[PDB]
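Structure record follows, encoded as structure tokens.
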Amino acid sequence: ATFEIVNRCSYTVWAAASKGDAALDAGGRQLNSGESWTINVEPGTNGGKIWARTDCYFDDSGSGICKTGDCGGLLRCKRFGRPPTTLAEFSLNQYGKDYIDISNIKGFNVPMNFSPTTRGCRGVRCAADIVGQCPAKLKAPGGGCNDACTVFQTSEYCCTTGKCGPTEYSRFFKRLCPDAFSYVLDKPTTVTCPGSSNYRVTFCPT
């Protein structure tokens, strides 16, 4: 499957793509404002994620640090990124269909559109100014808007027991971005696409 990753932000981002225990494609790359990077994701990938990282520094070996979304200090991510991270999430070729969503469960750093480039389903978007409107207690000093689990480490926010409800903090993310997951047991905003669809992830779509 092809994913075209487009940075429409005025600032540089370092895109990342992983399924948690491996890179997808090269796993990460710098995208200056306006740049596009097309990756190939193996059919059947379950639990893949694409995200932006901000304010990164990498040495010549590809080792360094990012203020949001850092994946063990690597340019080329093999693992998931440090919150806060707006997440484009997908599982491909799952009994004939693909499943996509955007999630704010690990917070928000950069606005995103995640859309098919092929027929048969709709995209999803979370492009509100979540960072600017972020509740004071969720603001990440390093940049971005943390989720409440990350900040407070409670069963209720992290849904540890598999029982949790919406919270004042989840409702903030849901108000600004109704079409993204705001907490683990949110009413799903997953889109079912034809199996083997292709996609585009656009940072700062508006």
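When we count neighbours, we look across all protein chains shown, and the Cβ atoms used for this are built from the backbone with ideal geometry, even at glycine. Laboratory data are not the source of any read-out in this text; all were calculated from the coordinates shown.
Spin-label model, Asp60 to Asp21: label points 7 Å out along the Cα-to-beta-carbon direction sit 3.6 nm apart. Other residues lying with their Cβ under 11 Å from the Cβ of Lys78 contribute a combined charge of +2, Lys and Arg counting +1, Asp and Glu -1.
Extension gain, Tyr11-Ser33: 0.36 nm per intervening residue step, less the Cα-Cα distance, totals 7.4 nm. Compared with the alpha-carbon gap, the fully stretched path from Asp129 to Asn198 is longer by 22.1 nm at 0.36 nm per residue.
Once the piece of chain linking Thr161 and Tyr95 is laid out straight, how much longer is it, given 0.36 nm per residue of separation minus the C-alpha distance between them? Using 0.36 nm per residue and subtracting the Cα-Cα distance, I get 20.9 nm. With contributions of -39500 (n - 2.57) from each DSSP H run of at least four residues, the per-residue ellipticity at 222 nm computed over the chain stands at -2000 deg cm²/dmol. Peptide packing for 100-106, 23-29, 55-61, 6-12 was compared via the average number of neighbouring C-beta atoms within 10 Å per residue; ordered from the highest value, the list is 100-106, 23-29, 6-12, 55-61. If you bin the C-alpha pair distances of the range 48-173 every 10 Å from 0, what whole percents do you get? Result returned by the calculation: 12, 37, 35, 15, 1. Within the range 184-206, which residues have the backbone N less than 17 Å from the label spot 7 Å out from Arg122 along Cα→beta-carbon, could you tell me? Residues 187-194 qualify, since their backbone N sits under 17 Å from the label point.
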